[PDB]
Amino acid sequence: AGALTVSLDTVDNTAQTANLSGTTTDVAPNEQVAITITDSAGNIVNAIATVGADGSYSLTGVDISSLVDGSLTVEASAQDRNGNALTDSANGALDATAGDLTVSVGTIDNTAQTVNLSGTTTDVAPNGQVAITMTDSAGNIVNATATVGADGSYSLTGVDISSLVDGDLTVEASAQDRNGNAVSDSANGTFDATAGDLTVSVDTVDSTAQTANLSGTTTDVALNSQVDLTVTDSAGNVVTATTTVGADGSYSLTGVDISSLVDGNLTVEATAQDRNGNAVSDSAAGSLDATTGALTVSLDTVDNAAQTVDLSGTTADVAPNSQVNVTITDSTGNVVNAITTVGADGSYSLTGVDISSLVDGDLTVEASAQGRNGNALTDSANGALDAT
Ligand SMILES: O=C(O)CN(CCN(CC(=O)O)CC(=O)O)CC(=O)O
Ligand SMILES: [Ca+2]
Ligand SMILES: [Ca+2]
Ligand SMILES: [Ca+2]
Ligand SMILES: [Ca+2]
Ligand SMILES: [Cl-]
Ligand SMILES: [Cl-]
Ligand code: NA
């Protein structure tokens, strides 16, 4: 019975050659064995060997540089002496080329929110797929796919990354080489499609509780980012507050303690950091009136012999070292004007004020000072001059 065997004895990955041998039964010496070596892409090497006196055959250094990596199938064929078709096959693996992949960002288009990518491969089959991942600073992901060309290159144009947020973008690309090995590369770049912004507003100043409610909005500020706030009063005193941004970019803080601040204008400033590392800020005006302005005046003494008066008074919500303006008007409209200073405790006095220019009869004392909320705070007192 006619028989043929073939074996693939060696594949030399460096020389890109193979050594084959086989045996025959009932094949005439000097007949030929036809050989094909087929690769993973269907490329064929054709070879021929002669059957020896002992029925054996071999080929050494067969050129397989035309073949691609992956499985090799060897097919041998011959005819026995009576013409019967004989066949056998053998198998091996070729790994003459190291698998590799590169990926590179051509552009991140901040205006269109798109990315152009390109890359190269080695030992990845044309029409192979490259799995592409783009990951943002928040862990959002865009998936994409590209087809490997004849030269092993791949590219994508205008991939939509409008679903990603600003900051570092990581691009990962992966494929499989013809020996079944994962090949991968990554690249990185900056995404800055959204202008960072922050607003702040004074919702309420509760002058009874001496608290403030503050809120605002942000653009391009990451979830849980810290907002630092300052509240500044009319004397330069500062209260600090802090809160965090929500998913919609809003922030709120209720019951901020401003008992340490004095009455008058407030300035609130808020600052956060956007996704591209910029400080974004806003300021807003408020008003504090925890203490009702007041002024009293008293005519303490009229010295009719020296023609003088002693005056005193009290204030509430008048900054110490403010001026108090005092007028003393007599019964015919003559006026004495004086000025003194509000003390640490809000009190003021004038002693030995000369009223020798006034005439006998009624005296009216008027005192005025500016409170911290900008009011003219006044009081009067009445007495008499009897110098003649
Ligand atoms: O209120 C806003 O929307 C933003 N701010 C501008 C924010 N400023 C703050 C500052 O410089 O003090 C610019 C910035 O945040 O750097 C006012 C405006 O431009 O309408
Ligand atoms: Ca290979
Ligand atoms: Ca940005
Ligand atoms: Ca006040
Ligand atoms: Ca008199
Ligand atoms: Cl031969
Ligand atoms: Cl006032
Ligand atoms: Na008078």
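Each ligand, and each atom within it, is numbered from 1 in the order the structure gives. Sequence positions, counted from 1, serve as the residue numbers for this chain.
Remark: the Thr107 side chain and the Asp109 side chain contain no N/O donor-acceptor pair separated by less than 3.5 Å. Side chain to side chain, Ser201 and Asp203 meet the donor-acceptor criterion of an N or O pair below 3.5 Å. Side chains of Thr5 and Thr23: a donor on one and an acceptor on the other come within 3.5 Å. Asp9 and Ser21 share a side-chain donor-acceptor pair at under 3.5 Å.
Taking 3.0 Å as the limit, the number of protein N, O or S atoms around the Ca ion (ligand 5) is 3.
Take the N/O/S atoms of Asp95: the one nearest the Ca ion (ligand 2) is OD1. Residue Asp69 approaches the Ca ion (ligand 2) most closely through its N/O/S atom OD2. The closest approach of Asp123 to the Ca ion (ligand 2), by N/O/S atoms, is made by OD2.
Without hydrogens or angle criteria, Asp263 side chain to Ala290 main chain gives a donor-acceptor distance under 3.5 Å. With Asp220 contributing its side chain and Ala195 its backbone, the two residues share no donor-acceptor pair below 3.5 Å. Side-chain atoms of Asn19 do not come within 3.5 Å of backbone N or O of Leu8 as any donor-acceptor pair.
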Can you give me every donor-acceptor pair (side chain of residues 67-81, partner residue at least two apart or in another chain, under 3.5 Å) with its distance?
{"from": "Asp69", "atom 1": "OD1", "to": "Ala96", "atom 2": "N", "distance (Å)": "3.0"}
{"from": "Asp69", "atom 1": "OD2", "to": "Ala96", "atom 2": "N", "distance (Å)": "3.2"}
{"from": "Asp69", "atom 1": "OD2", "to": "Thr97", "atom 2": "N", "distance (Å)": "3.0"}
{"from": "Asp80", "atom 1": "OD1", "to": "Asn82", "atom 2": "N", "distance (Å)": "2.8"}
{"from": "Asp80", "atom 1": "OD1", "to": "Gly83", "atom 2": "N", "distance (Å)": "3.0"}
{"from": "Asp80", "atom 1": "OD1", "to": "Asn84", "atom 2": "N", "distance (Å)": "3.0"}
{"from": "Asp80", "atom 1": "OD1", "to": "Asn84", "atom 2": "ND2", "distance (Å)": "3.2"}
{"from": "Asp80", "atom 1": "OD2", "to": "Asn84", "atom 2": "ND2", "distance (Å)": "2.9"}

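Here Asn179 reaches the Ca ion (ligand 2): one of its N/O/S atoms is less than 3.0 Å from the metal.
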